[PDB]
Amino acid sequence: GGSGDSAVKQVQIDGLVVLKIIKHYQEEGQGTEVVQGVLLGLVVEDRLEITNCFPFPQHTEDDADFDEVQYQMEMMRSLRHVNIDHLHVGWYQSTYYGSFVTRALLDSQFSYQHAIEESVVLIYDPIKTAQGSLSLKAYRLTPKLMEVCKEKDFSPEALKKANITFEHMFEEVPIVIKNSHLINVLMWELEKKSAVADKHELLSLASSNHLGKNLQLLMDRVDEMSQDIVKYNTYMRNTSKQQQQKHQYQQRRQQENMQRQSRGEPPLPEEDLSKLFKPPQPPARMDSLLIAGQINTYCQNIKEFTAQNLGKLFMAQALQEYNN
Amino acid sequence: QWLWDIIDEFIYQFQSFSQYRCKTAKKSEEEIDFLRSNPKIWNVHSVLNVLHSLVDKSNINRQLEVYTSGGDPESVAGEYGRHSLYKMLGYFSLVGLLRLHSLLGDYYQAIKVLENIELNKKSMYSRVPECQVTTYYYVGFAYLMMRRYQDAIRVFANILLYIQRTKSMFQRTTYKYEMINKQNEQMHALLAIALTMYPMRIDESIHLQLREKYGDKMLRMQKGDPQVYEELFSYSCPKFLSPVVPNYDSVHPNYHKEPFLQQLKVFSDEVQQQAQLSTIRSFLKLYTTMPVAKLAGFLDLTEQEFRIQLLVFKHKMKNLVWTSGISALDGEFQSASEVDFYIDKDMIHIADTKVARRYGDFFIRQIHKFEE
Amino acid sequence: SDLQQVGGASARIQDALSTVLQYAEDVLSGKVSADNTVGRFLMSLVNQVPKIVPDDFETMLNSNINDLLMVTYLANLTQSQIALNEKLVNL
């Protein structure tokens with residue numbers, strides 16, 4: 001069966017949903033980190049059928065401030081009046097660049113997952129990651145992390161919870177592998193489209209050649225990836241060096257000094273012994289930055305892997321066509 | 001007292017173990033499947049066969065140095081122990097390769113090399129990484145004794161690099177791990193002196209500060225030295241025969257000395273001849289094609305005064321280093337210049353970086369399986 | 001890979017189609033609609049891929065395959081260095 005961890009089940013996403021997401025695209029604000037909207041569905045055979053979606057339209061330009069409650073309330077009144085009810089089983093984003101996890105969206109996922117166990121977060125990565133294997137990714141969060149929710153904090157919370165061990169590279173649910181039995185209408189369309197509509201099919205394919213000759217796509221994606229890898233790794237490397245200089249370097253000199261002082265005073269305290277050792281801000285375990293870092297480096301490694309897979313087959317095709 | 005007495009205690013044990021092994025292991029599947037089924041550990045059996053070979057070889061060298069003619073050790077080890085262990089069935093597992101690895105290591109130290117055509121043809125079992133490293137160690141020495149510099153360096157490079165995908169663990173290296181790595185390095189350095197200019201393929205196996213150090217020595221040896229050859233000979237002969245252990249210096253014994261004198265001559269005469277060829281191989285093939293004045297400048301470089309230049313130039317060319325055409329009419333000497341290439345190793349390195357990440361992914365996941 | 005299989009499936013249809021188009025001319029009379037028309041389609045393919053033909057250009061292509069392989073090799077090394085950093089900070 002399609003059951004995963006806790007009570008969860010594998011995702012079944014309609015092609016109608018994909019077309020509704022594509023209409024609300026990735027333009028009218030290309031660079032802007034807008035989380036696009038919610039996913040609606042229901043518990044079915046072996047799986048979750050994701051039947052619908054709607055966007056959440058915020059104050060978007062380059063800026064993108066949050067928006068009113070009654071838009072969601074009137075939309076979820078309106079949606080019920082046409083079909084079923086507001087059974088909200090996840091949320092979705094594209095949005096700018098190739099796959100990345102901006103940190104407060106992890107907290108947003110953590111808050112959503114504490115409320116609903118049966119939930120999947122959907123990331124859509126097409127031409128902006130070079131389209132490009134694994135173009136739809138559906139991810140759930142770990143039960144041990146959810147079980148100890150709330151919270152993570154800076155070093156309290158985290159030091160106790162992360163030293164019980166929680167998984168964080170976690171379940172990705174596989175999407176299409178059988179018929180939905182809704183294909184029927186699209187199948188009747190297919191034999192005609194083709195047909196005497198051949199002009200449309202041929203033009204759509206021909207757009208690819210224009211895109212592929214014009215765009216510097218392998219260099220372009222490598223430059224944004226190189227920029228991304230250096231940003232996150234330099235942030236993590238300075239963060240680790242800051243904790244190490246507090247964990248090891250302070251304590252080493254404190255033991256150096258405490259051994260020189262020698263370290264027990266028998267008629268009365270122990271004044272400067274009492275002064276010694278008080279926590280710096282990291283004494284251990286800045287996991288809220290670290291775990292979010294590792295999820296982003298895993299996303300970066302996936303982008304390296306998809307870029308390598310594109311390069312393997314392009315090198316093969318280039319060599320194969322020339323030599324005969 | 002003590003040191004010799006311990007050798008007898010080991011010989012008494014090894015002879016008794018051989019008498020037991022020669023007796024049981026052609027019928028005793030009752031003994032054997034009781035051994036297969038009961039335990040939950042297995043690596044001890046590999047260690048004992050290797051440990052016995054190292055201890056026996058350490059014991060044999062001391063006896064042979066002290067008693068330098070007409071005594072028992074080589075025949076009693078050869079005829080009874082090594083030949084009986086060679087001639088019986090291999091225990092199912094890699095145990096037949098382990099017995100062959102001692103036999104080959106004894107055969108190597110007695111310099112009676114030839115039977116590798118037989119040994120390789122009977123060694124058709126899977127080379128699980130440790131048995132690849134042992135086989136390569138002996139094969140590199142066999143190629144070196146055969147004077148196959150091109151072949152020996154490739155085999156030595158693999159075990160010097162040590163990325164053979166070994167997974168040991170459980171003290172199997174053992175007690176000489178550093179020494180075995182330098183024993184491979186020492187031969188690899190000697191092979192590099194013979195072969196260079198052409199590799200281009202030393203960077204894989206020998207790290208840069210040792211490529212620097214043997215490069216100074218190699219350039220000086222082919223320009224003037226004496227002392228680099230003296231240094232190279234004294235370090236190398238120590239490692240070439242693999243005697244495992246010395247005895248103890250004193251005024252009164254001769255013995256070990258007769259030992260050492262035989263070892264020095266045999267390595268000296270061959271290495272001296274090879275060193276002279278390496279110096280002939282030193283001068284660059286700066287252009288393919290030489291008219292008489294360029295040939296005369298090569299003769300001037302080759303030797304002077306005066307008498308007999310061209311005659312010894314025929315011999316120096318026909319050692320190996322010059323394949324060429326001559327025209328008597330046009331006065332021009334026509335040769336090729338040998339060539340080699342690079343960006344070879346990177347294709348191997350992309351495979352082993354993938355293995356290195358995967359081994360680390362396996363290790364963290366194995367540790368993680370205890371905190372589930 | 002799915003696109004490469006669609007392209008090979010299409011190329012095999014072209015081999016079968018051109019075989020039928022020629023054989024129609026051999027049998028009695030055929031190919032009139034497929035004359036300088038198909039000869040322009042096949043040229044349109046050939047002018048784009050492989051572009052031109054000489055030794056200079058295939059040598060340039062093989063040099064680019066080595067650079068693309070070098071970038072791919074370095075991407076394995078970056079991912080392994082990220083793994084070396086990963087393996088140090090998860091013990």
# chains A, B, ... in the order shown; residues from 1 in each chain; ligands from 1
call {"tool": "residues_around", "arguments": {"residues": "residue 343 of chain B", "least_positions_apart": "4", "cutoff": "12 Å", "atoms": "only C-alpha atoms", "output": "ChimeraX atom specification"}}
result
/B:199-201,203-204,347-350 /C:66-67,69-70,73
call {"tool": "interface_residues", "arguments": {"of": "chain C", "to": "chain B", "cutoff": "8 Å", "atoms": "only C-alpha atoms", "output": "list in words"}}
result
residues 73, 76, 77, 80, 83, 84, 87, 90 and 91 of chain C
call {"tool": "write_last_selection", "arguments": {"atoms": "C-alpha atoms", "output": "compact mmCIF listing (two decimals), in the first residue's frame"}}
result
# COMPACT_ATOMS: atom_id res chain seq x y z
CA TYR C 73 33.98 15.79 -12.50
CA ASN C 76 31.33 15.32 -8.20
CA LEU C 77 34.28 16.82 -6.23
CA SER C 80 32.05 15.07 -2.21
CA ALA C 83 29.83 15.39 1.89
CA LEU C 84 33.20 15.71 3.75
CA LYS C 87 30.24 13.79 7.52
CA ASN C 90 26.94 14.68 11.81
CA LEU C 91 28.95 12.60 14.31
call {"tool": "closest_residue", "arguments": {"among": "A:222, A:121, A:292, A:53", "to": "chain C", "atoms": "only C-alpha atoms"}}
result
A:222
call {"tool": "interface_residues", "arguments": {"of": "chain B", "to": "chain A", "cutoff": "12 Å", "atoms": "only C-alpha atoms", "output": "list in words"}}
result
residues 365, 368, 369, 370, 371 and 372 of chain B
call {"tool": "write_last_selection", "arguments": {"atoms": "C-alpha atoms", "output": "CSV table (one decimal), in the first residue's frame"}}
result
chain,number,residue,atom,x,y,z
B,365,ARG,CA,23.7,5.3,8.3
B,368,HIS,CA,22.5,6.0,13.0
B,369,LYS,CA,21.1,2.4,13.1
B,370,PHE,CA,22.1,2.3,16.8
B,371,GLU,CA,20.0,5.4,17.8
B,372,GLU,CA,16.7,4.5,15.9
call {"tool": "closest_atom_pairs", "arguments": {"of": "chain A", "to": "chain C", "cutoff": "7 Å", "atoms": "only C-alpha atoms", "output": "tab-separated table"}}
result
residue	atom	partner	partner_atom	distance
A:301	CA	C:79	CA	6.3
A:304	CA	C:75	CA	6.6
A:308	CA	C:72	CA	5.8
A:315	CA	C:65	CA	6.0
A:321	CA	C:50	CA	6.3
A:322	CA	C:50	CA	5.3
call {"tool": "residues_around", "arguments": {"residues": "segment 231-233 of chain A", "least_positions_apart": "5", "cutoff": "8 Å", "atoms": "only C-alpha atoms", "output": "list in words"}}
result
residues 293, 296 and 297 of chain A
call {"tool": "write_last_selection", "arguments": {"atoms": "N, CA, C and O atoms", "output": "PDB file, in the first residue's frame"}}
result
ATOM      1  N   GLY A 293      20.181  24.808   7.189  1.00  0.00           N
ATOM      2  CA  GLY A 293      21.378  24.720   6.355  1.00  0.00           C
ATOM      3  C   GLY A 293      21.537  23.428   5.592  1.00  0.00           C
ATOM      4  O   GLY A 293      21.680  23.446   4.375  1.00  0.00           O
ATOM      5  N   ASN A 296      18.927  22.907   2.826  1.00  0.00           N
ATOM      6  CA  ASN A 296      19.365  23.703   1.690  1.00  0.00           C
ATOM      7  C   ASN A 296      20.566  23.136   0.934  1.00  0.00           C
ATOM      8  O   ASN A 296      20.553  23.109  -0.295  1.00  0.00           O
ATOM      9  N   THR A 297      21.619  22.627   1.605  1.00  0.00           N
ATOM     10  CA  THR A 297      22.729  21.946   0.920  1.00  0.00           C
ATOM     11  C   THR A 297      22.307  20.669   0.208  1.00  0.00           C
ATOM     12  O   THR A 297      22.735  20.417  -0.915  1.00  0.00           O
TER      13      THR A 297
END
call {"tool": "residues_around", "arguments": {"residues": "segment 35-49 of chain A", "least_positions_apart": "2", "cutoff": "6 Å", "atoms": "only C-alpha atoms", "output": "ChimeraX atom specification"}}
result
/A:1-2,9-12,51-56,87-93
call {"tool": "select_by_dssp", "arguments": {"residues": "segment 248-346 of chain B", "states": "alpha helix (DSSP H)", "output": "ChimeraX atom specification"}}
result
/B:257-280,292-302,310-317,345-346
call {"tool": "write_last_selection", "arguments": {"atoms": "C-alpha atoms", "output": "compact mmCIF listing (two decimals), in the first residue's frame"}}
result
# COMPACT_ATOMS: atom_id res chain seq x y z
CA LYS B 257 77.81 -10.88 7.15
CA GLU B 258 77.97 -13.72 4.53
CA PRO B 259 74.22 -13.25 4.13
CA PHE B 260 74.65 -9.48 3.60
CA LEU B 261 77.59 -9.89 1.16
CA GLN B 262 75.61 -12.27 -1.13
CA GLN B 263 72.60 -9.89 -1.10
CA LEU B 264 74.71 -6.82 -1.96
CA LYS B 265 76.46 -8.36 -5.03
CA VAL B 266 73.29 -9.74 -6.71
CA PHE B 267 71.41 -6.45 -6.47
CA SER B 268 74.54 -4.34 -7.31
CA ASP B 269 75.48 -5.82 -10.71
CA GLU B 270 71.92 -5.69 -12.13
CA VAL B 271 71.14 -2.19 -10.72
CA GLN B 272 74.55 -0.84 -11.95
CA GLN B 273 73.76 -2.01 -15.53
CA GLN B 274 70.20 -0.52 -15.29
CA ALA B 275 71.55 2.78 -13.81
CA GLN B 276 73.94 3.16 -16.79
CA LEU B 277 70.98 2.63 -19.17
CA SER B 278 68.92 5.24 -17.21
CA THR B 279 71.74 7.80 -17.71
CA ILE B 280 71.84 6.96 -21.50
CA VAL B 292 75.75 15.21 -39.86
CA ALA B 293 76.48 18.41 -37.81
CA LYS B 294 73.60 17.63 -35.37
CA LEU B 295 74.84 14.02 -35.15
CA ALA B 296 78.38 15.38 -34.45
CA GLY B 297 77.01 17.58 -31.61
CA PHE B 298 75.29 14.46 -30.23
CA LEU B 299 78.65 12.57 -30.47
CA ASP B 300 80.38 15.52 -28.67
CA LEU B 301 77.69 15.25 -25.97
CA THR B 302 78.05 11.41 -25.87
CA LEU B 310 80.64 6.54 -33.29
CA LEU B 311 81.44 2.91 -32.28
CA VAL B 312 80.18 3.32 -28.68
CA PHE B 313 77.30 5.46 -30.03
CA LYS B 314 76.17 2.33 -31.97
CA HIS B 315 76.17 0.34 -28.69
CA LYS B 316 74.51 3.17 -26.67
CA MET B 317 71.76 3.48 -29.34
CA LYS B 345 43.84 9.47 -13.83
CA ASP B 346 40.81 11.82 -13.49
call {"tool": "residues_around", "arguments": {"residues": "segment 18-28 of chain C", "least_positions_apart": "4", "cutoff": "12 Å", "atoms": "only C-alpha atoms", "output": "ChimeraX atom specification"}}
result
/C:11-14,32-35,38-39,41-42
call {"tool": "write_last_selection", "arguments": {"atoms": "N, CA and C atoms", "output": "PDB file, in the first residue's frame"}}
result
ATOM      1  N   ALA C  11      12.815   8.752 -35.518  1.00  0.00           N
ATOM      2  CA  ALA C  11      13.860   8.456 -36.489  1.00  0.00           C
ATOM      3  C   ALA C  11      13.668   7.127 -37.213  1.00  0.00           C
ATOM      4  N   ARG C  12      13.279   6.075 -36.481  1.00  0.00           N
ATOM      5  CA  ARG C  12      12.856   4.808 -37.047  1.00  0.00           C
ATOM      6  C   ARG C  12      11.620   4.915 -37.956  1.00  0.00           C
ATOM      7  N   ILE C  13      10.649   5.801 -37.641  1.00  0.00           N
ATOM      8  CA  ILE C  13       9.541   6.098 -38.554  1.00  0.00           C
ATOM      9  C   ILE C  13      10.028   6.772 -39.836  1.00  0.00           C
ATOM     10  N   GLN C  14      10.992   7.712 -39.752  1.00  0.00           N
ATOM     11  CA  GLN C  14      11.648   8.315 -40.905  1.00  0.00           C
ATOM     12  C   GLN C  14      12.374   7.312 -41.811  1.00  0.00           C
ATOM     13  N   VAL C  32       6.492  11.890 -56.139  1.00  0.00           N
ATOM     14  CA  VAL C  32       6.295  13.218 -56.722  1.00  0.00           C
ATOM     15  C   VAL C  32       6.044  14.316 -55.692  1.00  0.00           C
ATOM     16  N   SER C  33       5.257  14.030 -54.643  1.00  0.00           N
ATOM     17  CA  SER C  33       4.998  14.966 -53.553  1.00  0.00           C
ATOM     18  C   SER C  33       6.134  15.048 -52.548  1.00  0.00           C
ATOM     19  N   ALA C  34       7.108  14.127 -52.646  1.00  0.00           N
ATOM     20  CA  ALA C  34       8.188  13.913 -51.706  1.00  0.00           C
ATOM     21  C   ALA C  34       9.552  14.160 -52.354  1.00  0.00           C
ATOM     22  N   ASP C  35       9.594  14.964 -53.430  1.00  0.00           N
ATOM     23  CA  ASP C  35      10.747  15.102 -54.295  1.00  0.00           C
ATOM     24  C   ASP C  35      11.746  16.144 -53.748  1.00  0.00           C
ATOM     25  N   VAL C  38      10.979  16.774 -49.519  1.00  0.00           N
ATOM     26  CA  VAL C  38      11.708  15.934 -48.570  1.00  0.00           C
ATOM     27  C   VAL C  38      13.198  16.182 -48.654  1.00  0.00           C
ATOM     28  N   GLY C  39      13.735  16.392 -49.875  1.00  0.00           N
ATOM     29  CA  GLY C  39      15.125  16.809 -50.043  1.00  0.00           C
ATOM     30  C   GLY C  39      15.491  18.126 -49.386  1.00  0.00           C
ATOM     31  N   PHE C  41      13.652  19.039 -46.397  1.00  0.00           N
ATOM     32  CA  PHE C  41      13.555  18.632 -44.989  1.00  0.00           C
ATOM     33  C   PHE C  41      14.805  17.918 -44.470  1.00  0.00           C
ATOM     34  N   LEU C  42      15.325  16.933 -45.225  1.00  0.00           N
ATOM     35  CA  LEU C  42      16.555  16.228 -44.908  1.00  0.00           C
ATOM     36  C   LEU C  42      17.773  17.144 -44.886  1.00  0.00           C
TER      37      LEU C  42
END
call {"tool": "select_by_dssp", "arguments": {"residues": "segment 72-189 of chain A", "states": "strand (DSSP E or B)", "output": "VMD selection string"}}
result
chain A and resid 88 to 93 120 to 124 136 to 139 172
call {"tool": "decode", "arguments": {"residues": "segment 57-83 of chain C", "atoms": "N, CA, C and O atoms", "output": "mmCIF file, in the first residue's frame"}}
result
data_model
loop_
_atom_site.group_PDB
_atom_site.id
_atom_site.type_symbol
_atom_site.label_atom_id
_atom_site.label_comp_id
_atom_site.auth_asym_id
_atom_site.auth_seq_id
_atom_site.Cartn_x
_atom_site.Cartn_y
_atom_site.Cartn_z
ATOM 1 N N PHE C 57 36.442 21.206 -36.466
ATOM 2 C CA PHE C 57 35.184 21.164 -35.753
ATOM 3 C C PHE C 57 34.931 19.930 -34.875
ATOM 4 O O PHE C 57 34.520 20.077 -33.724
ATOM 5 N N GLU C 58 35.210 18.679 -35.324
ATOM 6 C CA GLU C 58 35.115 17.520 -34.420
ATOM 7 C C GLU C 58 36.154 17.555 -33.297
ATOM 8 O O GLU C 58 35.891 17.211 -32.144
ATOM 9 N N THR C 59 37.378 18.046 -33.582
ATOM 10 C CA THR C 59 38.398 18.288 -32.555
ATOM 11 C C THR C 59 37.929 19.299 -31.519
ATOM 12 O O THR C 59 38.048 19.089 -30.313
ATOM 13 N N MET C 60 37.298 20.408 -31.959
ATOM 14 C CA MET C 60 36.646 21.366 -31.077
ATOM 15 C C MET C 60 35.513 20.757 -30.246
ATOM 16 O O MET C 60 35.410 20.990 -29.040
ATOM 17 N N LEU C 61 34.658 19.919 -30.865
ATOM 18 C CA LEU C 61 33.594 19.183 -30.197
ATOM 19 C C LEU C 61 34.122 18.248 -29.111
ATOM 20 O O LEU C 61 33.697 18.320 -27.960
ATOM 21 N N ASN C 62 35.142 17.421 -29.408
ATOM 22 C CA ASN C 62 35.799 16.559 -28.432
ATOM 23 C C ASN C 62 36.481 17.315 -27.294
ATOM 24 O O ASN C 62 36.404 16.912 -26.132
ATOM 25 N N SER C 63 37.125 18.467 -27.565
ATOM 26 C CA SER C 63 37.615 19.365 -26.518
ATOM 27 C C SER C 63 36.516 19.884 -25.604
ATOM 28 O O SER C 63 36.661 19.880 -24.385
ATOM 29 N N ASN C 64 35.354 20.288 -26.160
ATOM 30 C CA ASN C 64 34.190 20.667 -25.373
ATOM 31 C C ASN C 64 33.605 19.515 -24.547
ATOM 32 O O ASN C 64 33.255 19.707 -23.389
ATOM 33 N N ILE C 65 33.539 18.275 -25.081
ATOM 34 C CA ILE C 65 33.151 17.086 -24.310
ATOM 35 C C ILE C 65 34.074 16.862 -23.115
ATOM 36 O O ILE C 65 33.622 16.600 -22.001
ATOM 37 N N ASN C 66 35.401 17.023 -23.289
ATOM 38 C CA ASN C 66 36.351 16.984 -22.185
ATOM 39 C C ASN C 66 36.143 18.092 -21.142
ATOM 40 O O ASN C 66 36.186 17.814 -19.948
ATOM 41 N N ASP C 67 35.870 19.354 -21.541
ATOM 42 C CA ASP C 67 35.510 20.421 -20.610
ATOM 43 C C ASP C 67 34.182 20.161 -19.870
ATOM 44 O O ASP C 67 34.094 20.264 -18.648
ATOM 45 N N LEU C 68 33.119 19.719 -20.571
ATOM 46 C CA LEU C 68 31.856 19.339 -19.949
ATOM 47 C C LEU C 68 32.009 18.179 -18.963
ATOM 48 O O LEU C 68 31.419 18.156 -17.879
ATOM 49 N N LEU C 69 32.851 17.187 -19.302
ATOM 50 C CA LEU C 69 33.266 16.128 -18.406
ATOM 51 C C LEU C 69 34.073 16.629 -17.207
ATOM 52 O O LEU C 69 33.834 16.206 -16.080
ATOM 53 N N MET C 70 35.004 17.588 -17.398
ATOM 54 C CA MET C 70 35.742 18.270 -16.340
ATOM 55 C C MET C 70 34.848 19.045 -15.371
ATOM 56 O O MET C 70 34.983 18.919 -14.155
ATOM 57 N N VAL C 71 33.855 19.807 -15.874
ATOM 58 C CA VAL C 71 32.830 20.471 -15.064
ATOM 59 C C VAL C 71 32.005 19.454 -14.273
ATOM 60 O O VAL C 71 31.754 19.595 -13.077
ATOM 61 N N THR C 72 31.605 18.345 -14.921
ATOM 62 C CA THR C 72 30.886 17.233 -14.290
ATOM 63 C C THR C 72 31.697 16.529 -13.206
ATOM 64 O O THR C 72 31.204 16.223 -12.122
ATOM 65 N N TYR C 73 32.996 16.287 -13.453
ATOM 66 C CA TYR C 73 33.977 15.793 -12.500
ATOM 67 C C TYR C 73 34.177 16.730 -11.315
ATOM 68 O O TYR C 73 34.147 16.301 -10.163
ATOM 69 N N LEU C 74 34.314 18.048 -11.555
ATOM 70 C CA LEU C 74 34.390 19.030 -10.493
ATOM 71 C C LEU C 74 33.122 19.105 -9.651
ATOM 72 O O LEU C 74 33.194 19.185 -8.431
ATOM 73 N N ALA C 75 31.930 18.993 -10.269
ATOM 74 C CA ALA C 75 30.656 18.854 -9.581
ATOM 75 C C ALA C 75 30.543 17.603 -8.692
ATOM 76 O O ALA C 75 29.924 17.598 -7.633
ATOM 77 N N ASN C 76 31.156 16.470 -9.092
ATOM 78 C CA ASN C 76 31.335 15.324 -8.204
ATOM 79 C C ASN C 76 32.275 15.633 -7.034
ATOM 80 O O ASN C 76 32.035 15.244 -5.893
ATOM 81 N N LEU C 77 33.381 16.357 -7.277
ATOM 82 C CA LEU C 77 34.278 16.824 -6.233
ATOM 83 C C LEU C 77 33.660 17.828 -5.259
ATOM 84 O O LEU C 77 33.859 17.688 -4.054
ATOM 85 N N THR C 78 32.867 18.824 -5.720
ATOM 86 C CA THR C 78 32.125 19.748 -4.850
ATOM 87 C C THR C 78 31.121 19.031 -3.987
ATOM 88 O O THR C 78 31.092 19.217 -2.772
ATOM 89 N N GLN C 79 30.328 18.119 -4.573
ATOM 90 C CA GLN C 79 29.388 17.291 -3.848
ATOM 91 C C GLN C 79 30.044 16.369 -2.825
ATOM 92 O O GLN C 79 29.573 16.216 -1.697
ATOM 93 N N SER C 80 31.195 15.758 -3.167
ATOM 94 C CA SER C 80 32.051 15.068 -2.205
ATOM 95 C C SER C 80 32.665 15.957 -1.138
ATOM 96 O O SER C 80 32.753 15.549 0.011
ATOM 97 N N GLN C 81 33.113 17.194 -1.430
ATOM 98 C CA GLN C 81 33.544 18.120 -0.387
ATOM 99 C C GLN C 81 32.422 18.568 0.541
ATOM 100 O O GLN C 81 32.581 18.602 1.761
ATOM 101 N N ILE C 82 31.219 18.843 -0.001
ATOM 102 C CA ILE C 82 30.007 19.064 0.785
ATOM 103 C C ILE C 82 29.707 17.844 1.652
ATOM 104 O O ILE C 82 29.423 17.974 2.838
ATOM 105 N N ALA C 83 29.865 16.618 1.116
ATOM 106 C CA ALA C 83 29.831 15.391 1.889
ATOM 107 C C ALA C 83 30.905 15.260 2.975
ATOM 108 O O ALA C 83 30.637 14.788 4.071
#
